[PDB]
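S.K.: any chance you can model this:
(9 chains, ligands or ions: 228)
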Amino acid sequence: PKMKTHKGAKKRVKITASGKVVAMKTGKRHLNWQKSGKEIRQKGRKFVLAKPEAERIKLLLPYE
Amino acid sequence: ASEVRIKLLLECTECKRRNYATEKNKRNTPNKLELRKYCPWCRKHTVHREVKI
RNA sequence: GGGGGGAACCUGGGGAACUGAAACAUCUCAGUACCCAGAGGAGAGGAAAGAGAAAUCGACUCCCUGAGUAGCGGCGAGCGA
RNA sequence: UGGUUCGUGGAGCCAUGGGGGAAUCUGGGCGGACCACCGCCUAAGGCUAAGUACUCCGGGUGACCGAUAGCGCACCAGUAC
RNA sequence: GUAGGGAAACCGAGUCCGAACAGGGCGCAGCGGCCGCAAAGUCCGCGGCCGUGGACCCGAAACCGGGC
RNA sequence: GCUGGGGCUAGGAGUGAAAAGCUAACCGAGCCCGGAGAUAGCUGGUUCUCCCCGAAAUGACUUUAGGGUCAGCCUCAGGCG
RNA sequence: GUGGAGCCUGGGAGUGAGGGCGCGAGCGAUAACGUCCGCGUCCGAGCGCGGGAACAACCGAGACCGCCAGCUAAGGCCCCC
RNA sequence: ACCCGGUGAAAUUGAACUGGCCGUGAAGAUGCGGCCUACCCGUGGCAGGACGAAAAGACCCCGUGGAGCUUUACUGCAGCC
RNA sequence: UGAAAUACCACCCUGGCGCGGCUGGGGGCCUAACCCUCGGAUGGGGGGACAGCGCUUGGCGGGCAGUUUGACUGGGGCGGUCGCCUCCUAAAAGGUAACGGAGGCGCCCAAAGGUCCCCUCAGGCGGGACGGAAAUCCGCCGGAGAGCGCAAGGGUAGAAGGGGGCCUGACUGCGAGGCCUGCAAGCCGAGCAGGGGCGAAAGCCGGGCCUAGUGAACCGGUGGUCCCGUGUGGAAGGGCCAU
Ligand SMILES: [Mg+2]
Ligand SMILES: [Mg+2]
Ligand SMILES: [Mg+2]
Ligand SMILES: [Mg+2]
Ligand SMILES: [Mg+2]
Ligand SMILES: [Mg+2]
Ligand SMILES: [Mg+2]
Ligand SMILES: [Mg+2]
Ligand SMILES: [Mg+2]
Ligand SMILES: [Mg+2]
Ligand SMILES: [Mg+2]
Ligand SMILES: [Mg+2]
Ligand SMILES: [Mg+2]
Ligand SMILES: [Mg+2]
Ligand SMILES: [Mg+2]
Ligand SMILES: [Mg+2]
Ligand SMILES: [Mg+2]
Ligand SMILES: [Mg+2]
Ligand SMILES: [Mg+2]
Ligand SMILES: [Mg+2]
Ligand SMILES: [Mg+2]
Ligand SMILES: [Mg+2]
Ligand SMILES: [Mg+2]
Ligand SMILES: [Mg+2]
Ligand SMILES: [Mg+2]
Ligand SMILES: [Mg+2]
Ligand SMILES: [Mg+2]
Ligand SMILES: [Mg+2]
Ligand SMILES: [Mg+2]
Ligand SMILES: [Mg+2]
Ligand SMILES: [Mg+2]
Ligand SMILES: [Mg+2]
Ligand SMILES: [Mg+2]
Ligand SMILES: [Mg+2]
Ligand SMILES: [Mg+2]
Ligand SMILES: [Mg+2]
Ligand SMILES: [Mg+2]
Ligand SMILES: [Mg+2]
Ligand SMILES: [Mg+2]
Ligand SMILES: [Mg+2]
Ligand SMILES: [Mg+2]
Ligand SMILES: [Mg+2]
Ligand SMILES: [Mg+2]
Ligand SMILES: [Mg+2]
Ligand SMILES: [Mg+2]
Ligand SMILES: [Mg+2]
Ligand SMILES: [Mg+2]
Ligand SMILES: [Mg+2]
Ligand SMILES: [Mg+2]
Ligand SMILES: [Mg+2]
Ligand SMILES: [Mg+2]
Ligand SMILES: [Mg+2]
Ligand SMILES: [Mg+2]
Ligand SMILES: [Mg+2]
Ligand SMILES: [Mg+2]
Ligand SMILES: [Mg+2]
Ligand SMILES: [Mg+2]
Ligand SMILES: [Mg+2]
Ligand SMILES: [Mg+2]
Ligand SMILES: [Mg+2]
Ligand SMILES: [Mg+2]
Ligand SMILES: [Mg+2]
Ligand SMILES: [Mg+2]
Ligand SMILES: [Mg+2]
Ligand SMILES: [Mg+2]
Ligand SMILES: [Mg+2]
Ligand SMILES: [Mg+2]
Ligand SMILES: [Mg+2]
Ligand SMILES: [Mg+2]
Ligand SMILES: [Mg+2]
Ligand SMILES: [Mg+2]
Ligand SMILES: [Mg+2]
Ligand SMILES: [Mg+2]
Ligand SMILES: [Mg+2]
Ligand SMILES: [Mg+2]
Ligand SMILES: [Mg+2]
Ligand SMILES: [Mg+2]
Ligand SMILES: [Mg+2]
Ligand SMILES: [Mg+2]
Ligand SMILES: [Mg+2]
Ligand SMILES: [Mg+2]
Ligand SMILES: [Mg+2]
Ligand SMILES: [Mg+2]
Ligand SMILES: [Mg+2]
Ligand SMILES: [Mg+2]
Ligand SMILES: [Mg+2]
Ligand SMILES: [Mg+2]
Ligand SMILES: [Mg+2]
Ligand SMILES: [Mg+2]
Ligand SMILES: [Mg+2]
Ligand SMILES: [Mg+2]
Ligand SMILES: [Mg+2]
Ligand SMILES: [Mg+2]
Ligand SMILES: [Mg+2]
Ligand SMILES: [Mg+2]
Ligand SMILES: [Mg+2]
Ligand SMILES: [Mg+2]
Ligand SMILES: [Mg+2]
Ligand SMILES: [Mg+2]
Ligand SMILES: [Mg+2]
Ligand SMILES: [Mg+2]
Ligand SMILES: [Mg+2]
Ligand SMILES: [Mg+2]
Ligand SMILES: [Mg+2]
Ligand SMILES: [Mg+2]
Ligand SMILES: [Mg+2]
Ligand SMILES: [Mg+2]
Ligand SMILES: [Mg+2]
Ligand SMILES: [Mg+2]
Ligand SMILES: [Mg+2]
Ligand SMILES: [Mg+2]
Ligand SMILES: [Mg+2]
Ligand SMILES: [Mg+2]
Ligand SMILES: [Mg+2]
Ligand SMILES: [Mg+2]
Ligand SMILES: [Mg+2]
Ligand SMILES: [Mg+2]
Ligand SMILES: [Mg+2]
Ligand SMILES: [Mg+2]
Ligand SMILES: [Mg+2]
Ligand SMILES: [Mg+2]
Ligand SMILES: [Mg+2]
Ligand SMILES: [Mg+2]
Ligand SMILES: [Mg+2]
Ligand SMILES: [Mg+2]
Ligand SMILES: [Mg+2]
Ligand SMILES: [Mg+2]
Ligand SMILES: [Mg+2]
Ligand SMILES: [Mg+2]
Ligand SMILES: [Mg+2]
Ligand SMILES: [Mg+2]
Ligand SMILES: [Mg+2]
Ligand SMILES: [Mg+2]
Ligand SMILES: [Mg+2]
Ligand SMILES: [Mg+2]
Ligand SMILES: [Mg+2]
Ligand SMILES: [Mg+2]
Ligand SMILES: [Mg+2]
Ligand SMILES: [Mg+2]
Ligand SMILES: [Mg+2]
Ligand SMILES: [Mg+2]
Ligand SMILES: [Mg+2]
Ligand SMILES: [Mg+2]
Ligand SMILES: [Mg+2]
Ligand SMILES: [Mg+2]
Ligand SMILES: [Mg+2]
Ligand SMILES: [Mg+2]
Ligand SMILES: [Mg+2]
Ligand SMILES: [Mg+2]
Ligand SMILES: [Mg+2]
Ligand SMILES: [Mg+2]
Ligand SMILES: [Mg+2]
Ligand SMILES: [Mg+2]
Ligand SMILES: [Mg+2]
Ligand SMILES: [Mg+2]
Ligand SMILES: [Mg+2]
Ligand SMILES: [Mg+2]
Ligand SMILES: [Mg+2]
Ligand SMILES: [Mg+2]
Ligand SMILES: [Mg+2]
Ligand SMILES: [Mg+2]
Ligand SMILES: [Mg+2]
Ligand SMILES: [Mg+2]
Ligand SMILES: [Mg+2]
Ligand SMILES: [Mg+2]
Ligand SMILES: [Mg+2]
Ligand SMILES: [Mg+2]
Ligand SMILES: [Mg+2]
Ligand SMILES: [Mg+2]
Ligand SMILES: [Mg+2]
Ligand SMILES: [Mg+2]
Ligand SMILES: [Mg+2]
Ligand SMILES: [Mg+2]
Ligand SMILES: [Mg+2]
Ligand SMILES: [Mg+2]
Ligand SMILES: [Mg+2]
Ligand SMILES: [Mg+2]
Ligand SMILES: [Mg+2]
Ligand SMILES: [Mg+2]
Ligand SMILES: [Mg+2]
Ligand SMILES: [Mg+2]
Ligand SMILES: [Mg+2]
Ligand SMILES: [Mg+2]
Ligand SMILES: [Mg+2]
Ligand SMILES: [Mg+2]
Ligand SMILES: [Mg+2]
Ligand SMILES: [Mg+2]
Ligand SMILES: [Mg+2]
Ligand SMILES: [Mg+2]
Ligand SMILES: [Mg+2]
Ligand SMILES: [Mg+2]
Ligand SMILES: [Mg+2]
Ligand SMILES: [Mg+2]
Ligand SMILES: [Mg+2]
Ligand SMILES: [Mg+2]
Ligand SMILES: [Mg+2]
Ligand SMILES: [Mg+2]
Ligand SMILES: [Mg+2]
Ligand SMILES: [Mg+2]
Ligand SMILES: [Mg+2]
Ligand SMILES: [Mg+2]
Ligand SMILES: [Mg+2]
Ligand SMILES: [Mg+2]
Ligand SMILES: [Mg+2]
Ligand SMILES: [Mg+2]
Ligand SMILES: [Mg+2]
Ligand SMILES: [Mg+2]
Ligand SMILES: [Mg+2]
Ligand SMILES: [Mg+2]
Ligand SMILES: [Mg+2]
Ligand SMILES: [Mg+2]
Ligand SMILES: [Mg+2]
Ligand SMILES: [Mg+2]
Ligand SMILES: [Mg+2]
Ligand SMILES: [Mg+2]
Ligand SMILES: [Mg+2]
Ligand SMILES: [Mg+2]
Ligand SMILES: [Mg+2]
Ligand SMILES: [Mg+2]
Ligand SMILES: [Mg+2]
Ligand SMILES: [Mg+2]
Ligand SMILES: [Mg+2]
Ligand SMILES: [Mg+2]
Ligand SMILES: [Mg+2]
Ligand SMILES: [Mg+2]
Ligand SMILES: [Mg+2]
Ligand SMILES: [Mg+2]
Ligand SMILES: [Zn+2]
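M.R.: Numbers count the residues shown, from 1 in each chain, chains lettered A, B, ... in the order given. Ligands and ions are numbered 1, 2, ... in the order given. What follows is the structure:
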């Protein structure tokens, strides 16, 4: 039977034009009152997942 | 943070938006904080007041 | 006129668990296995109190596709129009 | 409560076990809570070929088996035991 | 497959954050003599590995259904 | 009290002067067939030949510790040089 | 310094029970064929070969095949030899 | 039991051309070293050894294995209010 | 005449009364639903709108069901431990184990933060009413042995220590380049722009001398935004930024 798209991955991650995998920095969901502004700000960007981890996530997204 | 050392937000007094989170001791510092801060909405420093987190 | 039989198939009335979730309860397995009733050479469905955005289509059934999309989901495992 | 992708979700729709309970086209249901507008459709009676499923049965055909294989059984086998 | 960026509206070789014409993230740009050659890509075959299936074979103790 | 014949009560059920006894020669939940090829991070087994290379038994994390993910270490193909 | 060196992209792993020895420590008793780390080695996978009486890891030395040829290594040269 | 006539099993079994000591070896050697001893083959007997046979240790631990039982573990259900 | 003023007719209040409708709660009685029972049954007797039974509410509930009941460990249990910081072990880069040797953290500070300016310690001897080993004062010596909120370590008076003035940079938008590193995290950060603080200026300031003072994701709350809104306009609900 065909592979199914993993919905937690589709909801967290995007495959870029060249196939890198991109996700939001973790760590400002909460407990933020004492975090610096440099911290909150920097966690507000996307980062590019480490190759071996991205490579795995990419396989769960067979039809993007 | 503790029961006595609380977290609180600082609200811009001109446009009413909370722009900063910080902390204080409410035994040592019972009056509501008033601090001049840069409001990114207003694009200028503005007296901000402690408002409940 | 009925009754009883018929390998699979079919509808309806009931309906598990192992298992998976690398534990488990929701979830899954699965409306499956199985019991029961009923039909018949098929059965079911069928002639819009429909679809759903087109100023549209035009009963139902069956195949391809739409699409593992939309969504659903201890937003987990998975499920899936 | 079930059905739907929908696990209570903003949860409509279809169905209905309990309670309440109308109207007959100026009636009613629907387009995903609700309201308006704009549209779609006519519930609470019934039937309806074909295209579809199956293989006990008959036949055709195998880059299928060839007696430890192939059906459990090539043979008097659902037998002896 | 031929466009990406953005939660989205949306814009588009850009776009997102941003007040920014700042900075940054993610993106955009063949060979020979018009000819041929190669190629994005995509289709089919073959092979390796992966996912779903009992998924390399054999083995529980057990659980559940219906019967005896 | 013992005993013949004829009967009734069974599977989370019977029956028990109670031993978790007995319910067709193994009962802390009977047997048969089915779900079913349950599951088994465990044990075992894994079949012709030559040729080249050739490990690991560590780190991090892990209801993890005799299992995994990543990394380290082996090998192949392409590129660099 | 041209090596089964190195770097880059990718495909496939296996491993994630180690062990002895030397040196440096901790633990232990300045015990263990003890235990736990570090550097190194070997066995693992070199239970193939010589020496060590025998003997994975001590000494010698990395077995492509053949020879009734030569030189050596550790160790040996009285007889077993 | 033994001898002669008749009939004639069994578990077990890698193969066997299957001695003692002192050593060595995965730490209890017929199978390795050195020694000692020993002609070939049986019959009746004994049980020290072949870590003899049987039974994939029942103790112990391990498995995010099972099952019976308990309760002011969790969560539900019958039942009762 | 007071706020409003008088006879008389209304519409409506404050509170109360009696009639009535419509009802909720209790008490009594009835009979015919419903239940029981009676040789006799379209009836009699008894219970009686209770009980039973349907739907729904909340509760009690090992009677039963499904399960859960951690790991490390010189076997397991028992005890102890589990994250983070500091020192040692650690073999002079980094790293490095043991149920090895010792201690700390889970806070705090509106100043204990920024900046400008000023100041310098502990301790010893001598001197000085109450006054002491040690209160405050004077002299000399005294480089740091004191201080630095808390453990330890590193650092440090050419201040990070102590005092004062003005202040809120305990910034918003970013961020070259690195440390560390399996991942994810963690860490440092020049510079540019906006709007500020201190300073004459040079300049400093994106919390604290430093290293602990912490928690991914899921689900949800609140403020903002005004991005999506199931034919359409809204709305429901979501996204996004902040927490
Ligand atoms: Mg976050
Ligand atoms: Mg979170
Ligand atoms: Mg948030
Ligand atoms: Mg939130
Ligand atoms: Mg801080
Ligand atoms: Mg932090
Ligand atoms: Mg900050
Ligand atoms: Mg802040
Ligand atoms: Mg597609
Ligand atoms: Mg694409
Ligand atoms: Mg019939
Ligand atoms: Mg019939
Ligand atoms: Mg059915
Ligand atoms: Mg029926
Ligand atoms: Mg049913
Ligand atoms: Mg059925
Ligand atoms: Mg059942
Ligand atoms: Mg289950
Ligand atoms: Mg299964
Ligand atoms: Mg699975
Ligand atoms: Mg499971
Ligand atoms: Mg499992
Ligand atoms: Mg279990
Ligand atoms: Mg389950
Ligand atoms: Mg399954
Ligand atoms: Mg189901
Ligand atoms: Mg079937
Ligand atoms: Mg029939
Ligand atoms: Mg037909
Ligand atoms: Mg028909
Ligand atoms: Mg019909
Ligand atoms: Mg009609
Ligand atoms: Mg498509
Ligand atoms: Mg999810
Ligand atoms: Mg389903
Ligand atoms: Mg309903
Ligand atoms: Mg449902
Ligand atoms: Mg929802
Ligand atoms: Mg719904
Ligand atoms: Mg109804
Ligand atoms: Mg009408
Ligand atoms: Mg109407
Ligand atoms: Mg309707
Ligand atoms: Mg309706
Ligand atoms: Mg409607
Ligand atoms: Mg409609
Ligand atoms: Mg319609
Ligand atoms: Mg019909
Ligand atoms: Mg026809
Ligand atoms: Mg038909
Ligand atoms: Mg046919
Ligand atoms: Mg045939
Ligand atoms: Mg033939
Ligand atoms: Mg034969
Ligand atoms: Mg046969
Ligand atoms: Mg033959
Ligand atoms: Mg036959
Ligand atoms: Mg036969
Ligand atoms: Mg026969
Ligand atoms: Mg750009
Ligand atoms: Mg760029
Ligand atoms: Mg091609
Ligand atoms: Mg693969
Ligand atoms: Mg299968
Ligand atoms: Mg298979
Ligand atoms: Mg496979
Ligand atoms: Mg099996
Ligand atoms: Mg059993
Ligand atoms: Mg069970
Ligand atoms: Mg059971
Ligand atoms: Mg049964
Ligand atoms: Mg039964
Ligand atoms: Mg009798
Ligand atoms: Mg009898
Ligand atoms: Mg009897
Ligand atoms: Mg009985
Ligand atoms: Mg019985
Ligand atoms: Mg029975
Ligand atoms: Mg049973
Ligand atoms: Mg029980
Ligand atoms: Mg049972
Ligand atoms: Mg019983
Ligand atoms: Mg008895
Ligand atoms: Mg007992
Ligand atoms: Mg039997
Ligand atoms: Mg018996
Ligand atoms: Mg049982
Ligand atoms: Mg029995
Ligand atoms: Mg059966
Ligand atoms: Mg199954
Ligand atoms: Mg199977
Ligand atoms: Mg299991
Ligand atoms: Mg095989
Ligand atoms: Mg080699
Ligand atoms: Mg290990
Ligand atoms: Mg390791
Ligand atoms: Mg860690
Ligand atoms: Mg980890
Ligand atoms: Mg394991
Ligand atoms: Mg790997
Ligand atoms: Mg290498
Ligand atoms: Mg190459
Ligand atoms: Mg080369
Ligand atoms: Mg090599
Ligand atoms: Mg190599
Ligand atoms: Mg590789
Ligand atoms: Mg391969
Ligand atoms: Mg592996
Ligand atoms: Mg392994
Ligand atoms: Mg391991
Ligand atoms: Mg080991
Ligand atoms: Mg080791
Ligand atoms: Mg090693
Ligand atoms: Mg070890
Ligand atoms: Mg060593
Ligand atoms: Mg030496
Ligand atoms: Mg040593
Ligand atoms: Mg040491
Ligand atoms: Mg001694
Ligand atoms: Mg040795
Ligand atoms: Mg050792
Ligand atoms: Mg030693
Ligand atoms: Mg030692
Ligand atoms: Mg070693
Ligand atoms: Mg090995
Ligand atoms: Mg060697
Ligand atoms: Mg080697
Ligand atoms: Mg050797
Ligand atoms: Mg040898
Ligand atoms: Mg060898
Ligand atoms: Mg040797
Ligand atoms: Mg030798
Ligand atoms: Mg020798
Ligand atoms: Mg020759
Ligand atoms: Mg010579
Ligand atoms: Mg020599
Ligand atoms: Mg000699
Ligand atoms: Mg001799
Ligand atoms: Mg004789
Ligand atoms: Mg005889
Ligand atoms: Mg022999
Ligand atoms: Mg002999
Ligand atoms: Mg020895
Ligand atoms: Mg011996
Ligand atoms: Mg011998
Ligand atoms: Mg020999
Ligand atoms: Mg010997
Ligand atoms: Mg000998
Ligand atoms: Mg002798
Ligand atoms: Mg004898
Ligand atoms: Mg004996
Ligand atoms: Mg004996
Ligand atoms: Mg022996
Ligand atoms: Mg013996
Ligand atoms: Mg034995
Ligand atoms: Mg044996
Ligand atoms: Mg077994
Ligand atoms: Mg065993
Ligand atoms: Mg055992
Ligand atoms: Mg036991
Ligand atoms: Mg044990
Ligand atoms: Mg156990
Ligand atoms: Mg567990
Ligand atoms: Mg485990
Ligand atoms: Mg278990
Ligand atoms: Mg159990
Ligand atoms: Mg009772
Ligand atoms: Mg009365
Ligand atoms: Mg009466
Ligand atoms: Mg009456
Ligand atoms: Mg009465
Ligand atoms: Mg009542
Ligand atoms: Mg009734
Ligand atoms: Mg109610
Ligand atoms: Mg209830
Ligand atoms: Mg229980
Ligand atoms: Mg309970
Ligand atoms: Mg289960
Ligand atoms: Mg538990
Ligand atoms: Mg648990
Ligand atoms: Mg238990
Ligand atoms: Mg647990
Ligand atoms: Mg354990
Ligand atoms: Mg112990
Ligand atoms: Mg262990
Ligand atoms: Mg140990
Ligand atoms: Mg021990
Ligand atoms: Mg041990
Ligand atoms: Mg304990
Ligand atoms: Mg410990
Ligand atoms: Mg922690
Ligand atoms: Mg060190
Ligand atoms: Mg050191
Ligand atoms: Mg070091
Ligand atoms: Mg060193
Ligand atoms: Mg490093
Ligand atoms: Mg001050
Ligand atoms: Mg300070
Ligand atoms: Mg100051
Ligand atoms: Mg002094
Ligand atoms: Mg004095
Ligand atoms: Mg005095
Ligand atoms: Mg004094
Ligand atoms: Mg000091
Ligand atoms: Mg302290
Ligand atoms: Mg001022
Ligand atoms: Mg960077
Ligand atoms: Mg990193
Ligand atoms: Mg300035
Ligand atoms: Mg500025
Ligand atoms: Mg100025
Ligand atoms: Mg700066
Ligand atoms: Mg401080
Ligand atoms: Mg601090
Ligand atoms: Mg979750
Ligand atoms: Mg979770
Ligand atoms: Mg949320
Ligand atoms: Mg709308
Ligand atoms: Mg809008
Ligand atoms: Mg709508
Ligand atoms: Mg309007
Ligand atoms: Mg609009
Ligand atoms: Mg409004
Ligand atoms: Mg809203
Ligand atoms: Mg909103
Ligand atoms: Mg956010
Ligand atoms: Mg922001
Ligand atoms: Zn403002």
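
S.K.: got the phi/psi numbers for the spatially most central residue of chain A?
M.R.: By C-alpha atoms, centre = their mean, chain A has its centre lying nearest to residue A:23, at 2.0 Å. Main-chain dihedrals, residue A:23, degrees, to the nearest 10: phi -150, psi 160.

S.K.: which residues does residue B:47 bridge with?
M.R.: Counting by DSSP bridges, residue B:47 forms beta bridges with residue B:36.

S.K.: what about it, distance to residue B:20?
M.R.: Applying C-beta to C-beta, to the nearest Å, the value for residue B:47 to residue B:20 is 12 Å. The C-beta positions use only the backbone N, C-alpha and C, and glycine is treated the same way.

S.K.: swap in residue B:27?
M.R.: 22 Å.

S.K.: just residue B:30 next, same as before
M.R.: The gap separating residue B:30 from residue B:20 is 20 Å, by C-beta to C-beta.

S.K.: hmm, back to that, okay, residue B:27 and residue B:20: which has more neighbours?
M.R.: The neighbour comparison of residue B:27 against residue B:20 (other C-beta atoms under 10 Å in any protein chain shown) goes to residue B:20, with 18 against 9.
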